[PDB]
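Descriptive analysis of the structure
Here is how the chains run, residue by residue.
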Number of protein chains: 2
Amino acid sequence: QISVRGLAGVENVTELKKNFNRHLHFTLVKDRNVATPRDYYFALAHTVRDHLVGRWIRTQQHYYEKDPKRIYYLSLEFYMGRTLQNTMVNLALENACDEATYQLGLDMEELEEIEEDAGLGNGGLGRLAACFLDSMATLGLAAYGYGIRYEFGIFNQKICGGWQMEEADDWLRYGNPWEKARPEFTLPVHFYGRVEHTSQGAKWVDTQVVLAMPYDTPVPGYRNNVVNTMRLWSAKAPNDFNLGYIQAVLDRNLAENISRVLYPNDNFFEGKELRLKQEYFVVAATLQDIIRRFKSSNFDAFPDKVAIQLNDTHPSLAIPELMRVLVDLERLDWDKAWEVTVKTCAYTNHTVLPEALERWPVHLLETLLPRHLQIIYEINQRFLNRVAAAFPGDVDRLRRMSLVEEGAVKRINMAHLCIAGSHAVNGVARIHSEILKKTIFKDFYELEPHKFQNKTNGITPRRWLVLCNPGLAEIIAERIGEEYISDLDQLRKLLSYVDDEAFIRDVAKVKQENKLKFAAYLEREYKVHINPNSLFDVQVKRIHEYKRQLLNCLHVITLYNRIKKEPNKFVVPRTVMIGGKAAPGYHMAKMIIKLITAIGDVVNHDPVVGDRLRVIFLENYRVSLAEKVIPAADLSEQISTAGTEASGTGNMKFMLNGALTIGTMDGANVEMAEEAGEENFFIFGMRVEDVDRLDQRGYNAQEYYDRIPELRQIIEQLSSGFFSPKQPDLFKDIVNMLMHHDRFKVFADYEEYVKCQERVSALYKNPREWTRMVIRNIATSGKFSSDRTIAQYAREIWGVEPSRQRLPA
Amino acid sequence: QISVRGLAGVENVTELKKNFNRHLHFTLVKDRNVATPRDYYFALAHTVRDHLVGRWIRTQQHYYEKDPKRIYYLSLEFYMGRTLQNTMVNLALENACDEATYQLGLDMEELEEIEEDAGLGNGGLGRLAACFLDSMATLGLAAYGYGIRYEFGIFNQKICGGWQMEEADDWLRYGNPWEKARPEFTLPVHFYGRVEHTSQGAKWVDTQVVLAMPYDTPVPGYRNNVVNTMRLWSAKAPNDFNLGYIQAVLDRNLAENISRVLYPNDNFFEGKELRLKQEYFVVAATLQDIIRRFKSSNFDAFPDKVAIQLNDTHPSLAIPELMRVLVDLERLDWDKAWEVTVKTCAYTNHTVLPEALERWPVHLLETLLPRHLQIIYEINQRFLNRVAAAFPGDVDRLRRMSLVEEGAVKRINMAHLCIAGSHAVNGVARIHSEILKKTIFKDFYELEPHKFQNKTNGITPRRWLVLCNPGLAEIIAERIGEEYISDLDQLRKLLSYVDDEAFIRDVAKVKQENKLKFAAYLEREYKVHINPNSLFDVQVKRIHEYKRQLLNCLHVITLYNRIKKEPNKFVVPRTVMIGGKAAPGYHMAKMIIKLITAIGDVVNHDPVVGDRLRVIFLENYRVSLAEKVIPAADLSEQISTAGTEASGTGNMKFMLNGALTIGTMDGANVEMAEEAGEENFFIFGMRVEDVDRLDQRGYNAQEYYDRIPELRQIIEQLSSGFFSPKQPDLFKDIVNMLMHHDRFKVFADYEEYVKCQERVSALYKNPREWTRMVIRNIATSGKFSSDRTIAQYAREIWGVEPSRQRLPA
Ligand SMILES: OC[C@H]1O[C@@H](NC(=S)N/N=C/c2ccccc2Cl)[C@H](O)[C@@H](O)[C@@H]1O
Ligand SMILES: OC[C@H]1O[C@@H](NC(=S)N/N=C/c2ccccc2Cl)[C@H](O)[C@@H](O)[C@@H]1O
Ligand SMILES: OC[C@H]1O[C@@H](NC(=S)N/N=C/c2ccccc2Cl)[C@H](O)[C@@H](O)[C@@H]1O
Ligand SMILES: OC[C@H]1O[C@@H](NC(=S)N/N=C/c2ccccc2Cl)[C@H](O)[C@@H](O)[C@@H]1O
């Protein structure tokens, strides 16, 4: 029906129908009489996956023949979402499958809704890994994603009485048609034990063994016939494990628990042994796999054939593990091993919040990984010798830069380990990378300035435009062709349409259709009703104090109080939508969810308000939900305290899909405003420098409370029980935090935020001018393609050239 | 190459090759460059399983249309072995697949060796269930096998220093191509909780829920296009289970442990809570499935449409569970519910050893299954009221017959429950069924004589002749056609060939070839060497004192001592093979294994013995090993103390495959001798009556030691450390048991056994007469087909007619 979804040729449609019926019969063992809708989904998934096979085999044999430098992207998170539509998109099969299923009497969109998200990540860091895999395949790089196959991904969030409840995400229950188990590449991973010193080197002995079994998932490039691999490890007990008899068999669970569940903390470090085991498990298995592949091509050439990218410090044990293998097993001298390690590894930092940095207690590494601790001590000694020689007599520099932190419990600073052992260190947006050089890692930058880079984040325009917003993709393609899908900078061509009345109409129409579709989704699957003519004001992202969902809450209550004060004045109607999961042990984030729903309970049932203001909490925010809500949004809320959000990627998704942004000058927001023009962005609030100034003289929230009467009213409503009549003191913790211990200065940005929101309402009253500003945002979103990001990693870090050329079909 | 393996037509061979290549590519994602031998096995398994699909769908739709009475065979064990060859045999595909793989450059037999046994049983009881499924499908009955899908089956046995070591049988590691998960028929099973009484009935509340997920495995009939289902339940935690967060997810293992591992006790009861949970789990899920299927056809008609066969007392909770559903959920009155239950259920007993009978402590049922305990008390009260009315004043009868056993701990006698709640009770061989009426269940037989039946055990001639011994099957088919494969009584026709010189030669030749093949197997995969001209003397079965592997050991040492006494006399050379697993907690059985290997260590390295006597312990005896060794055997050792082996089925396998039998008049041995003629069987030892007489006056082993000098020598060799020079007292427990507490009267049968063994050696010196006696055994083995057994269950218990007619192809 629409052009960018590909051809529906008669031979292809006929073949798809035939293969669908074959899988339903021979694979699922069903006929049309008994087949459940889930069966039809699986028949389609098997039909589509068949098309990946030849390309997957020939891609991997091509890398074997050509032997290019291989890129290994190590991450504890890969937030993939659904795979069916994405695979159709990248193979140009969407229209053909739509037609084939139509002719079989089935609605493809309904079948798509049956697929479980692969929710193997928490938020931005996990989703970045996923966008990256897509871009690496689209750019023809010999790339492999390596991670853990968690049996349970991020929990499903249910809201009960306004409170978050967690349930297990049993995503493999029905089986995963997108993975192939590879038991023949099963590898042993070692834990505990002790170090023995002999005449010729150290030996790690008396270890416990866990097996690492790999599962391969295809990663198709966009219409280039490239299919790369994401290899995820699953933990298996050896067969002689604990081998009264019954108990020994049941105890296999202890070993297999390593790959059981994703830790649900976003930007927070928890020093739990099971998490450390997960980190080593992925690193040990991956490195053996890498080395095995390299030998099937002398370690001088290792860095010419291997790049390892560490996604934050979670896989930081790769550094001492590589040293361990090179020194203990291969018998290289320390200095040569070290040279190889440094040239091989690169590190990407994703946060500056101190509570998020990994600092592992020494006693934990001592017991679990005794040889790695010894290697880390040796790395530290040699590194600090270099610091002492460069900055003679600077004894405080020595303690600041040490990988070993002194105190009550001695800890290892994993970020310091990553910097010492990597040839490149990057932040994820220009302002974040600057903050790294100026504050957090200032000492390291002074020692080795050449190591520090920026690589501004991006998103894939395949999932985040073509897949989720075909209507917008189509009206764009009608004017500029479809080359922009893998060359997003071409969207600049749309600037010459900003005065085109047909395009203005079409852009506004597509947004309207998306909003109608989302309004319908809400009624059908949540029995909740909304006005589709209102401004859709959306903040979706994990719940964190730094992200300031609370600031948004204050604005919502402000609008409610103004309406109640002057009921008969006109206000631009809004649907305010907030969604996101809270980490299970994060009390304040759970209280914020409760506040949001409690505000909704008052606002949504006030007769005087009518349909002028609605507050909805979007339950179970995840990749599939984002694909629905982002295309429907008018206003994107990106309101973190300046200096706290390293980049953001949600911001970029909204920009690409025709929402305007209200935001602080934080993370990639700065670069977004710079690309679009500050006139085309709703910027408010303290800059980083303003935050610094306030910290110096001291942040007194009371001052704001005292001079802003509208703010005072809200605090008094919260305190007195206006939003919780049966438990009047319910929100006391929130009020006390705001008044006395707010690290994120919510009150300080309140006035500017409200005034900026008034300017948004003003522009939305003028549909034509709203839409022209939207066009200027979409047209300048090109920089934020992860294809650009990956091309920069490739050229400036990995030392490889991207290729847009297609492999034989 | 051989006729009974079917046709290798040009179209079929071409199609198989094509589909093999398709699965290797599209299913396994491999090409011929990287494909492992395991990959080739899977490609073949998928190619063969494709042929089951249409037949499986049409069989099940046929049962839906015709609505015949359904047979539900409930067992905690299904000892299936490998599935690939069996499926080819039953579909007539063996020659075609042999040819197709040959043309692809592959050896099919080598691919067959890659398949894991489905080892979901311990021994005879589990293997009986498997033979039964085959016969039910071959006889066109609407039958379903229901059990548990254990993640770990019977342990793999390794012998280390002559001692048994157990390792986990991780049989699902590579995935099982013969099962289809059916998540849409997932059912809840309830545990713990409490009983609440209301105005209208009892209610079972506050329960913990475990989910039962079914996996279906096809059971093909022999060339009749019937494909029945074996449905095995797997335990799954609900998603809100235990729902700090991490621990709650890891604790799901506690619920899922129910289906983790098969209890490895053969003929021994262990009152462990996990075992009780397994028994209820299979019963609760199965009964809901049965009832659901019945409603998709008023409970008066229930027994006309449903038969439930209880394989021993392990699924005895079906009786109170059916009552529970009928009374509590469907609101039938007690007496009507009871009538339905009794007419529906039948019970098969498999043992008379008191330590094997299930007697569950009341306190365990009280906590785990409070409502079932109440129902059991009520059943008992009403039953004992009937006993009191039939035998007024007989107060000891009342205590003897009670389902509740008094004592230190009150227990429930599950066998008494089964008798009370079933319309039929059967033993598994004529002598065993007689023993049930005369001793163990005498009181019950006097109350309800009509309930008691015999159904002599059988084995399937598909697996146990055609599959494992194609050479023998072929020379038979050459003379009498191939109808005997599903009508085994036709083997009587072979009696007119007992004087045929060509047939005599062919029978002897096939045995020789089988022995050469097995001698080669032993060298290749165990580096052990044997003389293929020797008499192959085989005892394979689980290790138990009652089975008297120890009596066999005494004979072996006797032969060794005689050789050493007169080294230069001629003796018929023997290879004595003993194999079987010991239950992990059964100390004496583990000591017997150690004795066997210790005897081998002395005998096999004595230069004076040469190749005249060899003693081999066959490691890891299981269904696949039985298929190899049974066709190779000359002498079958079936030497249990009279009255202890209920039937035996191993005995029948050897008879069908051309071994002669040395045995006591125990279990089915009696009926075997009766069929073949006592002159054609090597019978020795006490009859049941002789055992009874000895028990009355008291068994004194010392008497035998005192008057048999050859026996005295052996005991002195054992005691003094002749067979364990470094640990002279190693076998003290064995000697003390033999001398002072032998329940199985090993010494009492010693003299007769040795003399009978001399007669065996004498006949083996005359090849022509040995073979004529073999022909007389094979020719009269027809009675022992499980087709006969199942036809009797069908007509005399289930009330259904078997059909040899084929369904549309
Ligand atoms: O269907 C569920 C099972 O599927 C198996 N996949 C098999 S057999 N082939 N996959 C082929 C494949 C896989 C991915 C992409 C393309 C193809 Cl063409 C996985 O190994 C199991 O771990 C999983 O449980
Ligand atoms: O670069 C991608 C995105 O990365 C995010 N970081 C995240 S989700 N870290 N999770 C860290 C984490 C995850 C799990 C466990 C412990 C921790 Cl400590 C940043 O906050 C975003 O500003 C940025 O856009
Ligand atoms: O390959 C391993 C996986 O296979 C799956 N089987 C599928 S998809 N089809 N089976 C079809 C089938 C099954 C049996 C007989 C004939 C056919 Cl035609 C099982 O449901 C999984 O539990 C198992 O792990
Ligand atoms: O009828 C088939 C065969 O049944 C065997 N019984 C067996 S394996 N019981 N296992 C009982 C068992 C099994 C598991 C756990 C506890 C127990 Cl208590 C008989 O000993 C044979 O003489 C007979 O041929």
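About the criteria used
- Residues numbered from 1 in each chain as written, not as in the entry; some residues may be left out.
- Chains lettered and ligands numbered in written order.
- Heavy atoms only, no water.
- Helix = DSSP H or I, 4+ residues; strand = E, 2+ residues; numbered from the N terminus.
- Buried < 20%, exposed > 50% of the residue type's maximum accessible area, 1.4 Å probe, protein only.
- Areas by Shrake-Rupley, 256 points an atom, 1.4 Å probe, with all protein chains shown as cover.
- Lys, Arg positive; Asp, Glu negative; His and termini not counted.
- Charge placed at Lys NZ, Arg CZ, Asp CG, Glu CD.
- Pairing = 2+ DSSP bridges.
- Contact = heavy atoms within 4.5 Å.
- Buried area = accessible area lost by both parts, 1.4 Å probe.
- Salt bridge = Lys/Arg side-chain N within 4 Å of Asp/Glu carboxyl O.
- Near = heavy atom within 4 Å.
- Polar contact = N/O pair within 3.5 Å; in protein donor to acceptor, adjacent residues only side chain to side chain.
- Nonpolar A, V, L, I, M, F, W, Y, C, P; charged D, E, K, R; others polar.
- Domains from an automatic or database assignment.
- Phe/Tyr/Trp six-rings, centres within 6.5 Å; stacked < 30°, edge-to-face > 60°.
- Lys NZ or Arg CZ within 6 Å of the ring centre and 35° of its normal.
- Least-squares fit on C-alpha atoms.
- Core = buried A, V, L, I, M, F, W, Y, C linked by side-chain atoms within 4.5 Å.

Structure determination for this entry is recorded as X-ray crystallography, at 1.95 Å resolution.

The next point concerns the overall build of chain A. Of the regular secondary structure elements, chain A holds 34 helices and 25 strands. Principal axes of the C-alpha set define a box for chain A whose edges measure 90 × 75 × 60 Å. Expressed as a percentage of the 809 residues in chain A, the buried residues total 66%. A total of about 29500 Å² of accessible surface is found on chain A, and carbon and sulfur atoms cover 50% of it. Of the side-chain charges in chain A, 102 are positive and 108 negative, and the distance between the mean point of each set is 1 Å.

Below, the discussion takes up the sheet that holds strand β21 (residues 574–579) of chain B. Residue and element names in this part refer to chain B. As summarised here, the arrangement of the 6 strands in space is β22-β21-β20-β23-β24-β25, forming an open sheet in which the pairing is parallel. For this open sheet the edge positions go to β22 (613–618) and β25 (682–683), each flanked by a neighbour on one side alone. Where strand β20 (residues 535–540) and strand β23 (residues 635–638) come together, 2 bridges link them in parallel fashion. Among the inter-strand pairings, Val-538 is bridged to a residue of β23, identified as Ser-636.

Opposite the 44 residues of chain B that make contact, chain A presents 44 residues. Summed over both sides, the interface between chain B and chain A buries roughly 4400 Å², with carbon and sulfur atoms accounting for 64% of that surface. The largest share of the area that chain B buries against chain A comes from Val29(B), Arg173(B) and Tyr245(B), three residues that together contribute 15% of it. The interface formed by chain B and chain A contains 4 salt bridges. For the side of chain B that touches chain A, the elements supplying multiple residues, two or more each, are α1 (10–27), α3 (53–66), β6 (163–167), β11 (208–220), α8 (245–250) and α9 (252–256) of chain B.

All right, on to the site of ligand 4 then. Residue and element names in this part refer to chain B. Around ligand 4 there are 21 residues in total, and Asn-265, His-350, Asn-457, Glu-645 and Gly-648 lie nearest to it. Between an oxygen atom of ligand 4 and a side-chain N or O atom of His-350, the distance comes to 2.7 Å. Taken by itself ligand 4 offers 580 Å² of open surface, and the protein chains cover 96% of this. Here the shell around ligand 4 gets 3 residues from one element, more than from any other, and that element is helix α7 (residues 124–138). Taken together, the residues that form the shell around ligand 4 break down as 7 nonpolar, 10 polar and 4 charged. When residues of the shell around ligand 4 are sorted by domain, at least three fall in each of domain 1 (1–458 + 786–809) and domain 2 (459–785).

For the rest of this paragraph, the subject is the site of ligand 2. Residues and elements named next belong to chain A. In the vicinity of ligand 2 there are 21 residues, among which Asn-265, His-350, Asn-457, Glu-645 and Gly-648 approach most closely. For ligand 2, an oxygen atom lies 3.0 Å from a polar atom in the backbone of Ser-647. When the free accessible area of ligand 2 is taken as 570 Å², the share hidden by the protein chains comes to 96%. In terms of residue count, helix α7 (residues 124–138) provides more of the shell around ligand 2 than any other element does, 3 residues in total. By residue class, the composition of the shell around ligand 2 is 7 nonpolar, 10 polar and 4 charged. Counting only domains with at least three residues in the shell around ligand 2, you end up with domain 1 (1–458 + 786–809) and domain 2 (459–785).

Here we come to the pattern of salt bridges. Across all of its chains, the model carries 150 salt bridges over all chains by this definition. Between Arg252(A) and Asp170(B) there is a salt bridge whose closest N-O contact spans 3.9 Å. Here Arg252(A) is found in helix α9 (residues 252–256), whereas its partner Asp170(B) is found in the loop between β6 and β7 (180–181) on a different chain. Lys732(B) is the partner of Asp733(B) in a salt bridge, and the nearest nitrogen-oxygen pair spans 2.8 Å. With relative accessibility at 30%, the residue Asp733(B) sits in the partly exposed group.

Attention now moves to the sheet that holds strand β16 (residues 404–405) of chain A. Residues and elements named next belong to chain A. Pairing is antiparallel across the open sheet formed by 3 strands, whose spatial order is β15-β17-β16. Each having just a single partner strand, β15 (359–361) and β16 make up the two edges of the open sheet. Note: β15 against strand β17 (residues 411–413), 3 bridges, orientation antiparallel. Across the sheet, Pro-361 pairs through a bridge with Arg-411, a residue of β17.

So, on to the environment of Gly421(A). Residue and element names in this part refer to chain A. Tracing the sequence through the fold places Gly-421 in the loop between α17 (414–420) and β18 (424–427). Expressed as a C-alpha distance, the spacing of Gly-421 and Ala-318, which sit 103 residues apart in the sequence, is 9.6 Å. Aside from chain neighbours lying at most four places away, what touches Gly-421 is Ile-319, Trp-338, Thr-341, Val-342 and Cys-345.

Here the structure, examined in full by the defined rule, presents 50 aromatic pairs over all chains. Residues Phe294(A) and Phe302(A) carry aromatic rings whose centres are separated by 5.0 Å and whose planes lie at 75 degrees to one another, so their mutual orientation is edge-to-face. Judged by relative accessible area, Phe302(A) falls into the buried class, the value being 0%. An aromatic cluster of at least three residues, connected via ring pairs, comprises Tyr72(A), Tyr144(A), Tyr146(A) and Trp233(A). A cation sits over an aromatic face here: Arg397(B) above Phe391(B), 3.8 Å from the ring centre.

Looking now at the pairing of strand β18 (residues 424–427) of chain B. Where a strand is regular, its side chains alternate between the two sheet faces. Residue and element names in this part refer to chain B. Because side chains alternate across β18, one face comprises the buried residues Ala-424 and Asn-426, and the other comprises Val-425 and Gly-427, equally buried. Sheet analysis places strand β14 (residues 345–348) next to β18, joined by 3 bridges and oriented parallel. Bridged to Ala-346 within β18 is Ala-424.

Think of it as a corkscrew move, a rotation about one axis and a shift along it, taking one chain copy to the other. Rotating chain B by 180 degrees and moving it 0.0 Å along the rotation axis overlays it on chain A with an RMSD of 0.0 Å. Between the two chains, the operation in question is that of a two-fold axis. The position closest to the rotation axis in chain B is occupied by the C-alpha of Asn253(B), lying 3.6 Å away. A shared interface surface links the copies, since 100% of the contact residues of chain B are contact residues in chain A too.

Before going further, it helps to examine the nonpolar core. Counting 263 residues, the largest nonpolar core has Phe281(A), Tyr484(A), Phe747(A) and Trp798(A) as the members making the most contacts within it. The element contributing the most residues to this core is helix α10 (residues 273–295) of chain A, with 12 residues. Ignoring sequence-local partners within four residues, the contact set of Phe747(A) consists of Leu554(A), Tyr699(A), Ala701(A), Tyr704(A), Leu711(A), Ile715(A), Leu738(A), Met739(A) and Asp742(A). With 261 residues, the next largest nonpolar core counts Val498(B), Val571(B), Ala633(B) and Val691(B) among its residues.

For the rest of this paragraph, the subject is unusual backbone geometry. Residues and elements named next belong to chain B. Positive phi, normally seen in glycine, also occurs at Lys-527, with a value near 45 degrees. With respect to the element layout, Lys-527 can be found in the loop between α22 (501–526) and β20. Residue classification places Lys-527 among the exposed residues on the basis of a relative accessible area of 68%. Located in the positive-phi region is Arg-548, a residue other than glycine, with phi close to 60 degrees. With respect to the element layout, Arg-548 can be found in the loop between β20 and α23 (549–565).

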